[PDB]
Amino acid sequence: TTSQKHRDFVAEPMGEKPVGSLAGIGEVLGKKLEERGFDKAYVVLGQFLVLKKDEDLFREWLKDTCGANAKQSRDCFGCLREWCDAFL
Amino acid sequence: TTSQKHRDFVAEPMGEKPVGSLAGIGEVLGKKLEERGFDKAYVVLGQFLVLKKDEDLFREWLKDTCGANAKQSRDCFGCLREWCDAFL
Amino acid sequence: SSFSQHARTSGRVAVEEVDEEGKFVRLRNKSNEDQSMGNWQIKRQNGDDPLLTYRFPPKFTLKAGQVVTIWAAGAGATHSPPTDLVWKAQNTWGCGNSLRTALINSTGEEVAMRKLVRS
């Protein structure tokens with residue numbers, strides 16, 4: 001159901017992990033996000049929080065920022081929601 | 001150095017504390033932030049993360065958002081920074 | 001194990017192991033320095049059940065790399081400080097699909113937590 005990257009991120013607090021540590025973000029999307037400014041995982045976390053944990057708004061923002069597709073956006077959103085419910 | 005409210009907030013994860021739980025945020029500031037949309041502690045935390053933990057930018061945004069002063073903004077920034085250092 | 005573990009540690013002591021059936025809770029000093037845990041507390045929340053709090057003795061030391069295991073009364077272990085403390089006042093740590101274990105210092109600050117969630 002969930003990739004190993006997802007579980008690895010959810011297991012422990014993010015701290016200062018690179019944006020590439022999120023589930024569903026690889027080298028390409030990671031590079032685009034870093035160019036956009038969100039060059040740390042917790043920054044994407046904060047942008048997730050600002051949209052008040054709404055799935056549609058976060059998925060659409062991610063798609064418009066980097067160009068991800070349905071599966072990558074879904075995995076990133078699910079990982080972030082689980083991390084929030086496990087640590088926040 | 002810090003008021004009791006600051007210690008109370010820094011002690012534990014925010015969870016679902018309302019904006020009124022933030023150190024340096026009172027009834028007037030809390031009401032203003034809730035009117036703006038920042039209706040929970042985690043929203044302010046996410047907005048703090050988006051500005052990459054910068055003191056100046058965070059305090060400026062707070063000042064332009066609710067009209068808080070130097071003391072309240074300083075307390076808010078300090079409490080959020082220490083909470084991030086403790087749990088995030 | 002059907003249980004996913006999520007762990008956070010801010011001090012020298014981490015919540016090393018949490019029993020799935022509520023028999024014991026095992027903590028370890030993952031630092032090279034001994035930690036004094038006088039008046040320290042363990043907070044256990046099992047779903048919506050009322051919080052269960054265990055209190056350490058007013059003076060207690062966990063040396064570097066060592067383990068202290070707080071056993072329940074129903075575990076049938078042998079009480080033997082400083083390595084094995086038995087909670088005779090509580091039958092078991094409790095069971096359910098939401099088990100949160102937090103370590104709290106003498107000042108009331110949460111220094112570690114380990115939460116297990118089952119589908």
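All residue numbers here begin at 1 and follow the chain in the order shown.
Structure determined by electron microscopy, 4.1 Å.
Cβ atoms here come from the backbone N, Cα and C positions, even for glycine.
What Swiss-Prot records for this protein:
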- A:19-34: domain 'HhH' (DOMAIN)
- A:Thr1: phosphothreonine (MOD_RES)
- A:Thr1: (Microbial infection) Phosphothreonine (MOD_RES)
- A:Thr1: N-acetylthreonine (MOD_RES)
- A:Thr2: phosphothreonine (MOD_RES)
- A:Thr2: (Microbial infection) Phosphothreonine (MOD_RES)
- A:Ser3: phosphoserine (MOD_RES)
Cβ-Cβ neighbours of the residue listed as 'phosphoserine' (radius 10 Å): 12
Would you find the one among the modified residues A:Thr1, A:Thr2 whose Cβ has the most company, meaning other Cβ atoms within 10 Å? A:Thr2
Reduced to three DSSP states, the domain 'HhH' (A:19-34) has 11 helix, 0 strand, 5 coil
